[PDB]
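In the block that follows, a single chain appears as structure tokens, in the form deposited in one PDB entry.
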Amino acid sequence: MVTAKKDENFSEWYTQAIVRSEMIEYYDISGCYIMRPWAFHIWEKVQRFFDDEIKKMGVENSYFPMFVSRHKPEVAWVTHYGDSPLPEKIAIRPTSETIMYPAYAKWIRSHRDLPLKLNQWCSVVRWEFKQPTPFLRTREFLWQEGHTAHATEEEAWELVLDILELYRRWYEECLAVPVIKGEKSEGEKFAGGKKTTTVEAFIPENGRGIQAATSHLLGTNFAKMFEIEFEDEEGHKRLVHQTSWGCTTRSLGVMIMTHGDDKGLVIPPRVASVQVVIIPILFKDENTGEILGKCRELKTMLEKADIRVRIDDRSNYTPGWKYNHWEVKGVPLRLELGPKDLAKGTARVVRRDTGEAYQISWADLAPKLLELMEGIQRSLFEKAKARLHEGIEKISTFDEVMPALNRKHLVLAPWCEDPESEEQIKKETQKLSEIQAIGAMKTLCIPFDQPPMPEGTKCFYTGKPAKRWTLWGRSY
């Protein structure tokens, strides 16, 4: 059972919820967490979805080794096998760019060779984490990373936006998490690329923005450095236009924070490992096949409508124990079946998100459960989307910044997009924060969806002519 309340003490809530939900398990090496099936199934579902969509695009999967040689630094060295030292120390690769892009320079010779489109599902190691937290700040995480090379900038840009739409769909259609499409500022884009696009999400309980996924128009700078050249149709050598795009198990974290409540998790039915848990009202020793037999008939029929079902027939636990257990785990539907239910030909179903109860005839069960699951998924999304809209304040001047930040809100303000002004704003907001102790605010994205910018509008900080509406807040 979850004791900490989600809005009073969020961090404690988060920890309690993900452990009592049987999502992760601890490990004797810091910053590392075992992903148990109740979370890994969610990864499996968003992975299958995204993989199907990028395969429609012509992206194909690959595997690159996890090691890199000396010809490459703050990196992890493997120096022995058994007790023997290696001839040359090898490193666990920092990035994938370093291994893939020489390979790309080999494989690309002519315009016939483009576009080249590769994706990799793997795990990533990061060595410097501050305070570890499952799915958010961890030593190892899972992701997918894709890397494309195209003959022209416009094709590459088109692909960047197509992938970004797939990330919108990952978060919104699968995990029911609303996100905002935008372009990163110069001070927050990938170091070597032309443009970074992003989907952003909001955590109301701490008012923090978090980056859901990135899609970079890398341009030619990497092709210049790595000598990825192709000869065009008229015989000249040209640099390829690259993109790269990535999404991680952080998405699981964003889903938890989005839909959980004081009772624990709420997993959207599209990714829940069990959509419907069947709980026999049995106490202690009451073993007759009457209840468990009807429970099995019901599981069979629900499964043939492609519903993911579990019967929790564990003898040594009370029905109320089981209710709380599966509520903390976040199953969207619970099917109570007891002697009175059996003696009426119905079942009682409870929704996890609202707690509403329904008495349903056994014949009606499969259609009504499909309907209720669609309703739960849409409800989760719509309420999160109203919360997101409610968390963004449209300001005009800098005096409105610190009020909004203290309402745990984001701000949308006209900005001149000058890079030094962003660092000044972060400095200023963090110092204002510090003195309020009696922290910093940064750009999240420049949204694709731009309100009108009246002629002559001034930037909310510098005073200079504002160019675009930018979204700011405190951030993960």
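Numbering starts at 1 and follows the sequence shown. Take the two forms, find the largest set of C-alpha atoms that superpose within 1.5 Å, and that set is the rigid core.
Novice: Check whether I438 has no coordinates in at least a third of the other compared PDB entries of this protein, counting only entries that model residues on both sides of it.
Specialist: Yes.
Novice: Tell me whether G320 is absent from the model in at least one third of the other entries compared, counting only those where the residues either side are present.
Specialist: Other entries vs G320: none skip it.
Novice: Counting only residues from the deposited sequence, how many are left out of the model between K72 and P73 (none, 1 to 3, 4 to 9, 10 or more)?
Specialist: According to the record, 10 or more deposited residues lack coordinates from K72 to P73.
Novice: Counting only residues from the deposited sequence, how many are left out of the model between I438 and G439 (none, 1 to 3, 4 to 9, 10 or more)?
Specialist: Per the record, 10 or more deposited residues are absent between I438 and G439.
Novice: Mean CA temperature factor from the deposited coordinates, higher in 52-60 or in 423-431?
Specialist: Mean B over CA atoms: larger for 423-431.
Novice: For the C-alpha atoms alone, is the average B factor greater in 319-327 or in 73-81, going by the entry?
Specialist: According to the entry, 73-81 carries the higher average C-alpha B-factor.
Novice: Out of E97, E172, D162, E154, which shows the largest CA B-factor listed in the entry?
Specialist: Of the candidates given, the C-alpha B-factor peaks at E97.
Novice: Kindly indicate the residue among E382, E200, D306, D312 with the greatest C-alpha B-factor in the PDB record.
Specialist: The record points to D306.
Novice: Could you tell me which third, lowest, middle or highest, the C-alpha B-factor of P447 occupies within its chain?
Specialist: According to the entry, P447 has a C-alpha B-factor in the chain's middle third.
Novice: Among the modelled residues of its chain, does the C-alpha B-factor of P332 lie in the lowest, middle or highest third?
Specialist: Within its chain, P332 is a lowest-third residue by C-alpha B-factor, going by the deposited values.
Novice: Lowest, middle or highest third: where is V411 by C-alpha B factor in its chain?
Specialist: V411: CA B-factor falls in the middle third of its chain.
Novice: Please place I108 in the lowest, middle or highest third of its chain according to the CA B-factor in the PDB entry.
Specialist: Its C-alpha B-factor, which the entry lists for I108, ranks in the middle third among residues of this chain.
Novice: Could you place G253 in the lowest, middle or highest third of its chain by Cα temperature factor, using the values in the record?
Specialist: Bottom third by C-alpha B-factor.
Here the subject shifts to the form deposited in another entry, a form of this protein not shown in this document.
Novice: Compare C-alpha positions between this form and the one not shown after fitting on the rigid core and state which of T152, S396, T95, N206 moves by at least 2 angstroms.
Specialist: After core superposition, the single residue displaced by 2 Å or more is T95.
Novice: Does the C-alpha of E286 move 2 Å or more between this form and the one not shown once the rigid core is lined up?
Specialist: Shift of 2 Å or more: yes.
Novice: Core-aligned, is the CA shift for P414 between this form and the one not shown 2 angstroms or more?
Specialist: No, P414 moves less than 2 Å.
Novice: Using a superposition on the rigid core, decide whether the Cα position of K106 changes by 2 angstroms or more between this form and the one not shown.
Specialist: For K106, whose C-alpha is compared between this form and the one not shown after core superposition, the shift is less than 2 Å.
Novice: Could you tell me whether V328 and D285 have their C-alpha atoms closer or farther apart in the other form than in the shown form, knowing the shift is 3 angstroms or more?
Specialist: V328 and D285 sit farther apart in the other form.
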